[PDB]
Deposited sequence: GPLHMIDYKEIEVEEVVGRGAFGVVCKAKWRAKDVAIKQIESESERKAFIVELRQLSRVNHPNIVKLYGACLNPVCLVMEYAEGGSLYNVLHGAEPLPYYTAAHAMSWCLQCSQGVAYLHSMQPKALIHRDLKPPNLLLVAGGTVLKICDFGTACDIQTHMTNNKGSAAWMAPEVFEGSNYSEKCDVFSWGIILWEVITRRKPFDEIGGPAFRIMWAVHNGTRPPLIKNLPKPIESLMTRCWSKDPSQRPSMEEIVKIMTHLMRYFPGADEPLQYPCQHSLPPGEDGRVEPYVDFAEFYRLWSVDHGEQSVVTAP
């Protein structure tokens, strides 16, 4: 994949937007375009930069961030800027938070799965992301388009049990993360927020078979897919190609996914009545459109 060698003098650094897995991300300008720059912190991070640069150049897909080029003094990546920020901020960030619909929730998960399915179908060997979570999912086009970034080649809430076991893992670990993200956008809750302390407490819980609470009034095909994705045995989880197909076909019953995020939302989180939670999104329209198609 062809890419530019950037002269640092052509870069005009504006403001710091965030701090990813490694390095610092900053808003900037380069040749009229609005860009984002991931810059090195410690000289030790150099190995991670070679990996991410090797991979981002190799990949080309609408749901994975564009790499425009790389500057080597100082060593930094020049990528496309995501105007809407991360999904984590949209979900759980500072007030005021945007209102979103079930349609948005489904579309975000579809676009995410589409990007991952592409990664799993690389030649000659598949790419495993290893770090799928809302902080690494970015939003553009008024919140309607999702991009994947921060390749994994505080993540315990999304991590498959075989990964933190140090055990042998396949691309099916990405599928587990996707299941958690799906639960997360439907409920607008932080997964395992009730479990306090440090990371090992989550890891212990998930290792015993602790999963997120089931959702009240959730459509059985969605529930079926969600719980399949978070199976202990990686074999019992569906492939991403299957997920992409299912989610594409469900979008028939979720119109309006192309409406930009623009409405305010004052969000208070109720407690879980039984062992279940109420969704943030509403499924009344789904059931209406479904019954119209089915008998």
What are the missing stretches of the deposited sequence, listed from start to end?
154-165, 308-315
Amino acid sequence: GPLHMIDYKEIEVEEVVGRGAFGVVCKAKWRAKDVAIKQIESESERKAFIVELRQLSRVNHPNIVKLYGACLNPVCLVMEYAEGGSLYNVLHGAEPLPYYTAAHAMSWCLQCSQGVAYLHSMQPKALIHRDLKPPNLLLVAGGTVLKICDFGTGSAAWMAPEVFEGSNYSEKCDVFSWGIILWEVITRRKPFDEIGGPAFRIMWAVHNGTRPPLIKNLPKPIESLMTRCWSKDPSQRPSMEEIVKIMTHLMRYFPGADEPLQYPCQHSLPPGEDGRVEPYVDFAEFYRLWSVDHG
From here on, numbers count along this sequence of modelled residues.
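The term rigid core refers to the maximal set of C-alpha atoms that superpose within 1.5 Å between the two forms.
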Is the larger C-alpha RMS shift in 9 other deposited structures of this protein, relative to this form with the rigid core superposed, found in 56-64 or in 241-249?
56-64
Which of these two stretches, 73-81 or 159-167, has the larger RMS Cα offset in 9 other deposited structures of this protein when the rigid core is kept aligned?
73-81
At least a third of the other entries leave residue 44 unmodelled
yes
Say whether residue 153, which has coordinates in the shown structure, is without coordinates in a third or more of the other compared entries.
yes
Quick check: 116-124 versus 172-180, which has the larger average CA B-factor in the record?
116-124
Comparing 93-101 with 196-204, where is the mean C-alpha B-factor higher?
196-204
Note to self: of 252, 237, 46, 66, the C-alpha temperature factor tops out at 46
Split the chain's modelled residues into thirds by Cα B-factor; residue 32 lands in the highest
For residue 13, return the chain-relative third of its C-alpha B-factor as stated in the PDB record: lowest, middle or highest.
highest
Could you place residue 108 in the lowest, middle or highest third of its chain by Cα temperature factor, using the values in the record?
lowest
Comparing residue 243 with the other modelled residues of its chain, is its CA B-factor in the lowest, middle or highest third?
lowest
Comparing against every modelled residue in the chain, figure out the third that the C-alpha B-factor of residue 292 lands in (lowest, middle or highest).
middle
